[PDB]
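Visitor: Please find work_30.cif (mmCIF, C-alpha atoms and all ligand atoms) on the next line:
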data_structure
loop_
_atom_site.group_PDB
_atom_site.id
_atom_site.type_symbol
_atom_site.label_atom_id
_atom_site.label_comp_id
_atom_site.auth_asym_id
_atom_site.auth_seq_id
_atom_site.Cartn_x
_atom_site.Cartn_y
_atom_site.Cartn_z
ATOM 1 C CA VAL A 1 -199.208 -31.983 74.334
ATOM 2 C CA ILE A 2 -201.664 -29.505 75.855
ATOM 3 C CA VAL A 3 -199.248 -26.744 74.849
ATOM 4 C CA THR A 4 -199.382 -28.067 71.287
ATOM 5 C CA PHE A 5 -203.171 -27.880 71.563
ATOM 6 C CA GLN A 6 -203.034 -24.250 72.731
ATOM 7 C CA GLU A 7 -200.395 -23.288 70.137
ATOM 8 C CA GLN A 8 -202.389 -24.749 67.213
ATOM 9 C CA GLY A 9 -206.105 -24.205 67.844
ATOM 10 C CA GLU A 10 -205.821 -20.438 68.326
ATOM 11 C CA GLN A 11 -204.636 -19.822 64.751
ATOM 12 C CA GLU A 12 -208.214 -20.262 63.485
ATOM 13 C CA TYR A 13 -210.265 -20.654 66.664
ATOM 14 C CA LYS A 14 -212.744 -18.126 65.229
ATOM 15 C CA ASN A 15 -213.434 -19.600 61.796
ATOM 16 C CA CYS A 16 -215.682 -16.778 60.505
ATOM 17 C CA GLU A 17 -216.141 -19.018 57.442
ATOM 18 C CA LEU A 18 -217.964 -22.185 56.391
ATOM 19 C CA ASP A 19 -215.838 -24.734 58.286
ATOM 20 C CA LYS A 20 -212.168 -25.584 58.762
ATOM 21 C CA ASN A 21 -212.318 -28.706 56.595
ATOM 22 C CA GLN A 22 -214.743 -26.994 54.212
ATOM 23 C CA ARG A 23 -212.628 -23.839 53.907
ATOM 24 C CA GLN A 24 -209.444 -25.862 53.362
ATOM 25 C CA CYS A 25 -211.134 -27.982 50.690
ATOM 26 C CA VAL A 26 -212.669 -24.989 48.909
ATOM 27 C CA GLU A 27 -209.392 -23.028 48.961
ATOM 28 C CA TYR A 28 -207.079 -25.920 48.009
ATOM 29 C CA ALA A 29 -209.107 -28.039 45.558
ATOM 30 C CA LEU A 30 -209.900 -25.158 43.183
ATOM 31 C CA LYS A 31 -206.247 -25.009 42.053
ATOM 32 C CA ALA A 32 -206.610 -28.219 40.046
ATOM 33 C CA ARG A 33 -204.915 -28.605 36.651
ATOM 34 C CA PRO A 34 -206.052 -31.719 34.750
ATOM 35 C CA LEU A 35 -203.528 -33.541 32.586
ATOM 36 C CA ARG A 36 -204.212 -34.093 28.894
ATOM 37 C CA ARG A 37 -202.380 -37.398 28.377
ATOM 38 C CA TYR A 38 -199.017 -39.118 28.783
ATOM 39 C CA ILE A 39 -199.276 -41.780 26.046
ATOM 40 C CA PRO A 40 -198.277 -41.219 22.404
ATOM 41 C CA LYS A 41 -200.581 -43.003 19.986
ATOM 42 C CA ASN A 42 -198.023 -44.469 17.533
ATOM 43 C CA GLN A 43 -199.896 -47.779 17.536
ATOM 44 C CA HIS A 44 -197.982 -49.215 14.564
ATOM 45 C CA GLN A 45 -195.032 -49.966 16.872
ATOM 46 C CA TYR A 46 -196.174 -48.970 20.392
ATOM 47 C CA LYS A 47 -198.108 -52.063 21.493
ATOM 48 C CA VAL A 48 -196.323 -51.961 24.872
ATOM 49 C CA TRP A 49 -198.343 -49.054 26.293
ATOM 50 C CA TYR A 50 -201.690 -50.847 26.575
ATOM 51 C CA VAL A 51 -200.024 -53.891 28.179
ATOM 52 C CA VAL A 52 -200.897 -53.211 31.823
ATOM 53 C CA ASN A 53 -201.784 -55.295 34.922
ATOM 54 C CA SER A 54 -198.747 -57.499 34.186
ATOM 55 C CA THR A 55 -196.711 -55.706 36.863
ATOM 56 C CA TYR A 56 -199.196 -57.028 39.432
ATOM 57 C CA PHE A 57 -197.876 -60.448 38.431
ATOM 58 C CA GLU A 58 -194.249 -59.294 38.266
ATOM 59 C CA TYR A 59 -194.755 -57.811 41.735
ATOM 60 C CA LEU A 60 -194.532 -61.424 42.908
ATOM 61 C CA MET A 61 -191.193 -61.458 41.078
ATOM 62 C CA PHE A 62 -190.085 -58.599 43.337
ATOM 63 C CA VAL A 63 -190.486 -60.932 46.317
ATOM 64 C CA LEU A 64 -188.851 -63.976 44.681
ATOM 65 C CA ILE A 65 -185.450 -62.276 44.533
ATOM 66 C CA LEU A 66 -186.056 -61.368 48.179
ATOM 67 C CA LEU A 67 -186.182 -65.076 49.008
ATOM 68 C CA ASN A 68 -182.933 -65.489 47.082
ATOM 69 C CA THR A 69 -181.420 -62.725 49.218
ATOM 70 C CA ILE A 70 -182.164 -64.878 52.287
ATOM 71 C CA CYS A 71 -180.834 -68.103 50.727
ATOM 72 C CA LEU A 72 -177.362 -66.980 51.842
ATOM 73 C CA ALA A 73 -178.585 -67.907 55.322
ATOM 74 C CA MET A 74 -177.520 -71.382 54.174
ATOM 75 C CA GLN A 75 -173.998 -69.870 54.129
ATOM 76 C CA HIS A 76 -173.954 -69.670 57.952
ATOM 77 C CA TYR A 77 -170.219 -69.898 58.755
ATOM 78 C CA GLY A 78 -169.912 -72.387 55.894
ATOM 79 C CA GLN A 79 -170.974 -72.827 52.277
ATOM 80 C CA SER A 80 -171.607 -75.540 49.705
ATOM 81 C CA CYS A 81 -170.217 -74.722 46.268
ATOM 82 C CA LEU A 82 -173.245 -75.975 44.322
ATOM 83 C CA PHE A 83 -175.664 -73.929 46.433
ATOM 84 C CA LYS A 84 -173.534 -70.793 46.085
ATOM 85 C CA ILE A 85 -173.202 -71.133 42.308
ATOM 86 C CA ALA A 86 -176.956 -71.774 42.061
ATOM 87 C CA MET A 87 -177.533 -68.583 44.056
ATOM 88 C CA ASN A 88 -175.217 -66.707 41.686
ATOM 89 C CA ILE A 89 -177.134 -68.068 38.682
ATOM 90 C CA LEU A 90 -180.450 -67.048 40.260
ATOM 91 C CA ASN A 91 -179.128 -63.544 40.938
ATOM 92 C CA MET A 92 -177.853 -63.231 37.364
ATOM 93 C CA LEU A 93 -181.142 -64.383 35.836
ATOM 94 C CA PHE A 94 -183.181 -62.085 38.094
ATOM 95 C CA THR A 95 -180.987 -59.126 37.129
ATOM 96 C CA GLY A 96 -181.377 -60.036 33.461
ATOM 97 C CA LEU A 97 -185.154 -60.261 33.838
ATOM 98 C CA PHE A 98 -185.273 -56.854 35.529
ATOM 99 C CA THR A 99 -183.067 -55.342 32.818
ATOM 100 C CA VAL A 100 -185.133 -56.755 29.956
ATOM 101 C CA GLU A 101 -188.392 -55.705 31.636
ATOM 102 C CA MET A 102 -187.219 -52.123 32.134
ATOM 103 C CA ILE A 103 -185.828 -52.002 28.579
ATOM 104 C CA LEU A 104 -189.099 -53.226 27.063
ATOM 105 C CA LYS A 105 -191.123 -50.868 29.273
ATOM 106 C CA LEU A 106 -188.874 -47.899 28.398
ATOM 107 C CA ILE A 107 -188.014 -48.527 24.725
ATOM 108 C CA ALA A 108 -191.351 -47.116 23.490
ATOM 109 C CA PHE A 109 -192.467 -45.097 26.522
ATOM 110 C CA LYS A 110 -191.252 -41.615 25.514
ATOM 111 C CA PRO A 111 -187.716 -41.572 26.987
ATOM 112 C CA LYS A 112 -187.955 -37.769 26.879
ATOM 113 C CA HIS A 113 -190.513 -37.974 29.709
ATOM 114 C CA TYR A 114 -189.015 -41.128 31.254
ATOM 115 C CA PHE A 115 -186.904 -39.160 33.749
ATOM 116 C CA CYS A 116 -190.021 -37.468 35.170
ATOM 117 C CA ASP A 117 -190.793 -40.554 37.280
ATOM 118 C CA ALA A 118 -188.102 -40.998 39.934
ATOM 119 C CA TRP A 119 -189.003 -44.687 40.293
ATOM 120 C CA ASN A 120 -187.730 -45.275 36.753
ATOM 121 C CA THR A 121 -184.464 -43.563 37.712
ATOM 122 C CA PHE A 122 -184.201 -45.807 40.778
ATOM 123 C CA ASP A 123 -184.793 -48.853 38.569
ATOM 124 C CA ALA A 124 -182.061 -47.648 36.207
ATOM 125 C CA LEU A 125 -179.696 -47.220 39.160
ATOM 126 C CA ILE A 126 -180.374 -50.702 40.528
ATOM 127 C CA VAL A 127 -180.044 -52.388 37.124
ATOM 128 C CA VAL A 128 -176.782 -50.568 36.374
ATOM 129 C CA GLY A 129 -175.482 -51.583 39.805
ATOM 130 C CA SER A 130 -176.411 -55.184 39.028
ATOM 131 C CA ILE A 131 -174.615 -54.912 35.676
ATOM 132 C CA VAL A 132 -171.525 -53.587 37.472
ATOM 133 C CA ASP A 133 -171.729 -56.504 39.917
ATOM 134 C CA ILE A 134 -171.931 -59.002 37.053
ATOM 135 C CA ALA A 135 -169.095 -57.361 35.102
ATOM 136 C CA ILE A 136 -166.667 -57.068 38.024
ATOM 137 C CA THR A 137 -166.976 -60.817 38.679
HETATM 138 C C1 LIG A 201 -173.369 -76.898 60.370
HETATM 139 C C2 LIG A 201 -174.072 -75.530 60.221
HETATM 140 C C3 LIG A 201 -173.355 -74.674 59.151
HETATM 141 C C4 LIG A 201 -175.580 -75.731 59.916
HETATM 142 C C5 LIG A 201 -175.874 -76.293 58.503
HETATM 143 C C6 LIG A 201 -177.364 -76.108 58.120
HETATM 144 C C7 LIG A 201 -177.843 -74.629 57.983
HETATM 145 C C8 LIG A 201 -176.834 -73.815 57.132
HETATM 146 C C9 LIG A 201 -179.310 -74.574 57.418
HETATM 147 C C10 LIG A 201 -180.196 -75.768 57.894
HETATM 148 C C11 LIG A 201 -181.657 -75.277 57.969
HETATM 149 C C12 LIG A 201 -181.604 -73.874 57.354
HETATM 150 C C13 LIG A 201 -182.774 -72.894 57.642
HETATM 151 C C14 LIG A 201 -184.135 -73.506 57.233
HETATM 152 C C15 LIG A 201 -185.240 -72.475 57.187
HETATM 153 C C16 LIG A 201 -185.056 -71.147 57.182
HETATM 154 C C17 LIG A 201 -186.251 -70.202 57.135
HETATM 155 C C18 LIG A 201 -186.109 -69.113 56.054
HETATM 156 O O1 LIG A 201 -187.188 -68.189 56.157
HETATM 157 C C19 LIG A 201 -184.780 -68.357 56.217
HETATM 158 C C20 LIG A 201 -183.588 -69.336 56.168
HETATM 159 C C21 LIG A 201 -183.666 -70.486 57.224
HETATM 160 C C22 LIG A 201 -183.464 -69.896 58.651
HETATM 161 C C23 LIG A 201 -182.555 -71.551 56.877
HETATM 162 C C24 LIG A 201 -181.090 -71.015 57.003
HETATM 163 C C25 LIG A 201 -179.992 -72.090 56.791
HETATM 164 C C26 LIG A 201 -180.203 -73.323 57.714
HETATM 165 C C27 LIG A 201 -180.083 -72.923 59.220
HETATM 166 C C1 LIG A 202 -172.824 -81.980 49.030
HETATM 167 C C2 LIG A 202 -174.255 -82.296 49.522
HETATM 168 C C3 LIG A 202 -174.319 -82.241 51.066
HETATM 169 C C4 LIG A 202 -175.278 -81.346 48.846
HETATM 170 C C5 LIG A 202 -175.349 -79.934 49.477
HETATM 171 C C6 LIG A 202 -176.214 -78.976 48.620
HETATM 172 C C7 LIG A 202 -177.755 -79.226 48.656
HETATM 173 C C8 LIG A 202 -178.216 -79.553 50.100
HETATM 174 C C9 LIG A 202 -178.500 -77.993 48.030
HETATM 175 C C10 LIG A 202 -177.746 -77.415 46.791
HETATM 176 C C11 LIG A 202 -178.796 -76.817 45.833
HETATM 177 C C12 LIG A 202 -180.076 -76.835 46.674
HETATM 178 C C13 LIG A 202 -181.427 -76.613 45.947
HETATM 179 C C14 LIG A 202 -181.391 -75.285 45.156
HETATM 180 C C15 LIG A 202 -182.765 -74.766 44.800
HETATM 181 C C16 LIG A 202 -183.919 -75.229 45.300
HETATM 182 C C17 LIG A 202 -185.241 -74.617 44.858
HETATM 183 C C18 LIG A 202 -186.136 -74.240 46.052
HETATM 184 O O1 LIG A 202 -187.390 -73.750 45.585
HETATM 185 C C19 LIG A 202 -186.369 -75.467 46.948
HETATM 186 C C20 LIG A 202 -185.021 -76.027 47.453
HETATM 187 C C21 LIG A 202 -183.998 -76.378 46.324
HETATM 188 C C22 LIG A 202 -184.474 -77.654 45.569
HETATM 189 C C23 LIG A 202 -182.584 -76.595 46.992
HETATM 190 C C24 LIG A 202 -182.507 -77.807 47.982
HETATM 191 C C25 LIG A 202 -181.097 -78.007 48.608
HETATM 192 C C26 LIG A 202 -179.982 -78.124 47.528
HETATM 193 C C27 LIG A 202 -180.161 -79.430 46.687
#
Could you show the structure in this file as structure tokens?

Guide:
Amino acid sequence: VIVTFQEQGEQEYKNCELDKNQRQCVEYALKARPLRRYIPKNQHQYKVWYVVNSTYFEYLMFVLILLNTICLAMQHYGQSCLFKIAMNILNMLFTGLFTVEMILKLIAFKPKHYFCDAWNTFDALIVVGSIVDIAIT
């Protein structure tokens, strides 16, 4: 560790400037490019865009399926048919809810710029995997 201290502090031991934090801030924060916007106006049919803060509720949804994914603990070396079919129904309805939510949040959200956010791509991957799971059964 001491070696790491003597192989790092000597790069700028003599600052000859304002301060290490100050010089880094003043030489890195000046290259700032503000963004104009990411929302088309189109308010005749784009009411979805202003609908925010609902995900904070649906975030709870993201944990509910998690509980379902532990319900198979009831399948410990043995299963009850009604419980298993109820779990299948819960999985199907959760996948349908995720699919409809992503469709409604991407139908009028500029699909040209939709691929910019990798989280949307991950959501597309998980929903298509769920669709494959439903179809194969
Ligand atoms: C005869 C054998 C198969 C036992 C039958 C009953 C088993 C399958 C049931 C009875 C009580 C159940 C547990 C009750 C509570 C919890 C806590 C939860 O956070 C995870 C699942 C877990 C750990 C359950 C797993 C399934 C369970 C152990
Ligand atoms: C054949 C006999 C032994 C019945 C075995 C299956 C029983 C124990 C299972 C099958 C479906 C299960 C229910 C499925 C869903 C829920 C909703 C959850 O929020 C609370 C538990 C509750 C209400 C479960 C209780 C246990 C249950 C009724």

Visitor: May I ask which of the residues A:2, A:25, A:134, A:70 is the closest one to residue 96 in chain A, counting only C-alpha atoms?

Guide: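 Of the candidates, the smallest distance to residue 96 in chain A is held by A:134.
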
Visitor: Neighbours of ligand LIG 201 (chain A) within 12 Å, counting all atoms listed in the file, as a compact mmCIF listing (two decimals) with C-alpha atoms, in the coordinates of the input?

Guide:
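And here's pocket-v8.txt as it stands now:
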# COMPACT_ATOMS: atom_id res chain seq x y z
CA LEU A 66 -186.06 -61.37 48.18
CA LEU A 67 -186.18 -65.08 49.01
CA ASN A 68 -182.93 -65.49 47.08
CA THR A 69 -181.42 -62.72 49.22
CA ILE A 70 -182.16 -64.88 52.29
CA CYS A 71 -180.83 -68.10 50.73
CA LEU A 72 -177.36 -66.98 51.84
CA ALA A 73 -178.58 -67.91 55.32
CA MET A 74 -177.52 -71.38 54.17
CA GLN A 75 -174.00 -69.87 54.13
CA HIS A 76 -173.95 -69.67 57.95
CA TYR A 77 -170.22 -69.90 58.76
CA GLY A 78 -169.91 -72.39 55.89
CA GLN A 79 -170.97 -72.83 52.28
CA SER A 80 -171.61 -75.54 49.70
CA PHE A 83 -175.66 -73.93 46.43
CA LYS A 84 -173.53 -70.79 46.08

Visitor: Just say which residues the PyMOL selection byres (((chain A and resi 51-64) around 12) and not hetatm) picks in this file, as a ChimeraX atom specification.

Guide: /A:46-50,65-71,90-91,93-95,97-98,101-102,104-105,108-109

Visitor: Using C-alpha atoms, can you export the residues from the last selection as a PDB file, in the coordinates of the input?

Guide:
ATOM      1  CA  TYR A  46    -196.174 -48.970  20.392  1.00  0.00           C
ATOM      2  CA  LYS A  47    -198.108 -52.063  21.493  1.00  0.00           C
ATOM      3  CA  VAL A  48    -196.323 -51.961  24.872  1.00  0.00           C
ATOM      4  CA  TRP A  49    -198.343 -49.054  26.293  1.00  0.00           C
ATOM      5  CA  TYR A  50    -201.690 -50.847  26.575  1.00  0.00           C
ATOM      6  CA  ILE A  65    -185.450 -62.276  44.533  1.00  0.00           C
ATOM      7  CA  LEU A  66    -186.056 -61.368  48.179  1.00  0.00           C
ATOM      8  CA  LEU A  67    -186.182 -65.076  49.008  1.00  0.00           C
ATOM      9  CA  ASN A  68    -182.933 -65.489  47.082  1.00  0.00           C
ATOM     10  CA  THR A  69    -181.420 -62.725  49.218  1.00  0.00           C
ATOM     11  CA  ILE A  70    -182.164 -64.878  52.287  1.00  0.00           C
ATOM     12  CA  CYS A  71    -180.834 -68.103  50.727  1.00  0.00           C
ATOM     13  CA  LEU A  90    -180.450 -67.048  40.260  1.00  0.00           C
ATOM     14  CA  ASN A  91    -179.128 -63.544  40.938  1.00  0.00           C
ATOM     15  CA  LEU A  93    -181.142 -64.383  35.836  1.00  0.00           C
ATOM     16  CA  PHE A  94    -183.181 -62.085  38.094  1.00  0.00           C
ATOM     17  CA  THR A  95    -180.987 -59.126  37.129  1.00  0.00           C
ATOM     18  CA  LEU A  97    -185.154 -60.261  33.838  1.00  0.00           C
ATOM     19  CA  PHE A  98    -185.273 -56.854  35.529  1.00  0.00           C
ATOM     20  CA  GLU A 101    -188.392 -55.705  31.636  1.00  0.00           C
ATOM     21  CA  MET A 102    -187.219 -52.123  32.134  1.00  0.00           C
ATOM     22  CA  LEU A 104    -189.099 -53.226  27.063  1.00  0.00           C
ATOM     23  CA  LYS A 105    -191.123 -50.868  29.273  1.00  0.00           C
ATOM     24  CA  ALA A 108    -191.351 -47.116  23.490  1.00  0.00           C
ATOM     25  CA  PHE A 109    -192.467 -45.097  26.522  1.00  0.00           C
TER      26      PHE A 109
END

Visitor: Given 4 Å of margin on each side, can you work out the centre and size in Å (one decimal) of an axis-aligned box holding every listed atom of range 49-55 of chain A, as AutoDock Vina command-line options?

Guide:
--center_x -199.2 --center_y -53.3 --center_z 31.6 --size_x 13.1 --size_y 16.4 --size_z 18.6

Visitor: Have a look at CA of residue 113 in chain A and CA of residue 92 in chain A and let me know their distance in Å, one decimal.

Guide: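 Computing it gives 29.3 Å between the two atoms.
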
Visitor: Excluding residue 110 in chain A and any residue of its chain fewer than 3 positions from it, enumerate the residues within 9 Å of it, using all atoms listed in the file, and give them as a PyMOL selection string.

Guide: chain A and resi 38-40+106-107+113-114

Visitor: Looking at only C-alpha atoms and all ligand atoms, which of A:130, A:22, A:137, A:88 is the one that sits closest to ligand LIG 202 (chain A)?

Guide: A:88

Visitor: Could you tell me how far CA of residue 118 in chain A sits from CA of residue 37 in chain A, in Å to one decimal place?

Guide: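 Going from CA of residue 37 in chain A over to CA of residue 118 in chain A, I get 18.7 Å.
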
Visitor: Which residue out of A:132, A:122, A:127, A:82 has the minimum interatomic distance to ligand LIG 202 (chain A) when all atoms listed in the file are used?

Guide: A:82

Visitor: Just range 20-108 of chain A from the block, C-alpha atoms, as a PDB file, in the first residue's frame, could you?

Guide:
ATOM      1  CA  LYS A  20      -5.636  19.219  -7.088  1.00  0.00           C
ATOM      2  CA  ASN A  21      -9.412  19.091  -6.650  1.00  0.00           C
ATOM      3  CA  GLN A  22      -9.729  22.665  -7.923  1.00  0.00           C
ATOM      4  CA  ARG A  23      -7.546  22.047 -10.984  1.00  0.00           C
ATOM      5  CA  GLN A  24      -9.392  18.819 -11.819  1.00  0.00           C
ATOM      6  CA  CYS A  25     -12.766  20.550 -11.488  1.00  0.00           C
ATOM      7  CA  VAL A  26     -11.717  23.572 -13.551  1.00  0.00           C
ATOM      8  CA  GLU A  27     -10.180  21.410 -16.299  1.00  0.00           C
ATOM      9  CA  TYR A  28     -12.956  18.785 -16.461  1.00  0.00           C
ATOM     10  CA  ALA A  29     -16.186  20.724 -15.816  1.00  0.00           C
ATOM     11  CA  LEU A  30     -15.606  23.293 -18.578  1.00  0.00           C
ATOM     12  CA  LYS A  31     -16.207  20.630 -21.259  1.00  0.00           C
ATOM     13  CA  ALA A  32     -19.946  20.594 -20.559  1.00  0.00           C
ATOM     14  CA  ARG A  33     -22.465  20.284 -23.406  1.00  0.00           C
ATOM     15  CA  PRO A  34     -26.069  20.908 -22.296  1.00  0.00           C
ATOM     16  CA  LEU A  35     -28.842  18.926 -23.955  1.00  0.00           C
ATOM     17  CA  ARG A  36     -31.706  20.717 -25.686  1.00  0.00           C
ATOM     18  CA  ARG A  37     -34.508  18.200 -25.087  1.00  0.00           C
ATOM     19  CA  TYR A  38     -35.496  14.562 -25.570  1.00  0.00           C
ATOM     20  CA  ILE A  39     -39.305  14.901 -25.705  1.00  0.00           C
ATOM     21  CA  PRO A  40     -41.286  15.610 -28.891  1.00  0.00           C
ATOM     22  CA  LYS A  41     -44.246  17.889 -28.272  1.00  0.00           C
ATOM     23  CA  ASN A  42     -46.943  16.110 -30.339  1.00  0.00           C
ATOM     24  CA  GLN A  43     -49.440  16.579 -27.509  1.00  0.00           C
ATOM     25  CA  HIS A  44     -52.465  15.561 -29.599  1.00  0.00           C
ATOM     26  CA  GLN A  45     -51.472  11.895 -29.186  1.00  0.00           C
ATOM     27  CA  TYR A  46     -48.406  11.891 -26.885  1.00  0.00           C
ATOM     28  CA  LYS A  47     -50.014  12.075 -23.436  1.00  0.00           C
ATOM     29  CA  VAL A  48     -47.684   9.301 -22.216  1.00  0.00           C
ATOM     30  CA  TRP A  49     -44.585  11.502 -21.908  1.00  0.00           C
ATOM     31  CA  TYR A  50     -45.774  13.656 -19.002  1.00  0.00           C
ATOM     32  CA  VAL A  51     -46.978  10.571 -17.093  1.00  0.00           C
ATOM     33  CA  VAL A  52     -44.065  10.181 -14.671  1.00  0.00           C
ATOM     34  CA  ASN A  53     -43.584   9.057 -11.033  1.00  0.00           C
ATOM     35  CA  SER A  54     -45.694   5.965 -11.814  1.00  0.00           C
ATOM     36  CA  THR A  55     -42.558   3.821 -12.133  1.00  0.00           C
ATOM     37  CA  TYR A  56     -41.873   4.534  -8.453  1.00  0.00           C
ATOM     38  CA  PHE A  57     -45.086   2.599  -7.842  1.00  0.00           C
ATOM     39  CA  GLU A  58     -44.295  -0.059 -10.453  1.00  0.00           C
ATOM     40  CA  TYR A  59     -40.892  -0.422  -8.786  1.00  0.00           C
ATOM     41  CA  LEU A  60     -42.821  -2.301  -6.097  1.00  0.00           C
ATOM     42  CA  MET A  61     -44.027  -4.492  -8.968  1.00  0.00           C
ATOM     43  CA  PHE A  62     -40.377  -5.314  -9.687  1.00  0.00           C
ATOM     44  CA  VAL A  63     -40.157  -6.896  -6.234  1.00  0.00           C
ATOM     45  CA  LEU A  64     -43.506  -8.732  -6.406  1.00  0.00           C
ATOM     46  CA  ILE A  65     -42.297 -11.015  -9.201  1.00  0.00           C
ATOM     47  CA  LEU A  66     -39.209 -11.557  -7.043  1.00  0.00           C
ATOM     48  CA  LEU A  67     -41.441 -13.038  -4.345  1.00  0.00           C
ATOM     49  CA  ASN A  68     -42.993 -15.247  -7.017  1.00  0.00           C
ATOM     50  CA  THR A  69     -39.493 -16.402  -7.969  1.00  0.00           C
ATOM     51  CA  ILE A  70     -39.083 -17.661  -4.384  1.00  0.00           C
ATOM     52  CA  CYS A  71     -42.520 -19.327  -4.250  1.00  0.00           C
ATOM     53  CA  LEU A  72     -40.907 -22.345  -5.935  1.00  0.00           C
ATOM     54  CA  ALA A  73     -39.310 -22.926  -2.533  1.00  0.00           C
ATOM     55  CA  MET A  74     -42.664 -24.604  -1.855  1.00  0.00           C
ATOM     56  CA  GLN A  75     -41.526 -27.095  -4.538  1.00  0.00           C
ATOM     57  CA  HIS A  76     -38.845 -28.507  -2.196  1.00  0.00           C
ATOM     58  CA  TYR A  77     -38.449 -32.099  -3.455  1.00  0.00           C
ATOM     59  CA  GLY A  78     -42.205 -32.140  -4.057  1.00  0.00           C
ATOM     60  CA  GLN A  79     -44.939 -30.014  -5.610  1.00  0.00           C
ATOM     61  CA  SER A  80     -48.681 -29.434  -5.418  1.00  0.00           C
ATOM     62  CA  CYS A  81     -50.329 -29.050  -8.817  1.00  0.00           C
ATOM     63  CA  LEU A  82     -52.586 -26.145  -7.822  1.00  0.00           C
ATOM     64  CA  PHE A  83     -49.679 -24.157  -6.377  1.00  0.00           C
ATOM     65  CA  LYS A  84     -47.538 -24.777  -9.464  1.00  0.00           C
ATOM     66  CA  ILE A  85     -50.289 -23.755 -11.888  1.00  0.00           C
ATOM     67  CA  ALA A  86     -50.970 -20.655  -9.768  1.00  0.00           C
ATOM     68  CA  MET A  87     -47.263 -19.813  -9.985  1.00  0.00           C
ATOM     69  CA  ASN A  88     -47.403 -20.264 -13.763  1.00  0.00           C
ATOM     70  CA  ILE A  89     -50.430 -17.952 -13.961  1.00  0.00           C
ATOM     71  CA  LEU A  90     -48.653 -15.345 -11.822  1.00  0.00           C
ATOM     72  CA  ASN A  91     -45.565 -15.531 -14.040  1.00  0.00           C
ATOM     73  CA  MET A  92     -47.684 -15.172 -17.183  1.00  0.00           C
ATOM     74  CA  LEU A  93     -49.591 -12.164 -15.842  1.00  0.00           C
ATOM     75  CA  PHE A  94     -46.393 -10.471 -14.637  1.00  0.00           C
ATOM     76  CA  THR A  95     -44.793 -10.975 -18.055  1.00  0.00           C
ATOM     77  CA  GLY A  96     -47.907  -9.569 -19.718  1.00  0.00           C
ATOM     78  CA  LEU A  97     -47.863  -6.542 -17.418  1.00  0.00           C
ATOM     79  CA  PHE A  98     -44.191  -5.904 -18.189  1.00  0.00           C
ATOM     80  CA  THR A  99     -44.830  -6.258 -21.926  1.00  0.00           C
ATOM     81  CA  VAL A 100     -47.804  -3.888 -21.926  1.00  0.00           C
ATOM     82  CA  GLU A 101     -45.937  -1.358 -19.768  1.00  0.00           C
ATOM     83  CA  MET A 102     -42.911  -1.322 -22.069  1.00  0.00           C
ATOM     84  CA  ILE A 103     -45.160  -1.135 -25.151  1.00  0.00           C
ATOM     85  CA  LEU A 104     -47.113   1.827 -23.771  1.00  0.00           C
ATOM     86  CA  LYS A 105     -43.902   3.546 -22.639  1.00  0.00           C
ATOM     87  CA  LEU A 106     -42.233   2.965 -26.032  1.00  0.00           C
ATOM     88  CA  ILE A 107     -45.127   3.394 -28.496  1.00  0.00           C
ATOM     89  CA  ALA A 108     -44.920   7.215 -28.389  1.00  0.00           C
TER      90      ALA A 108
END
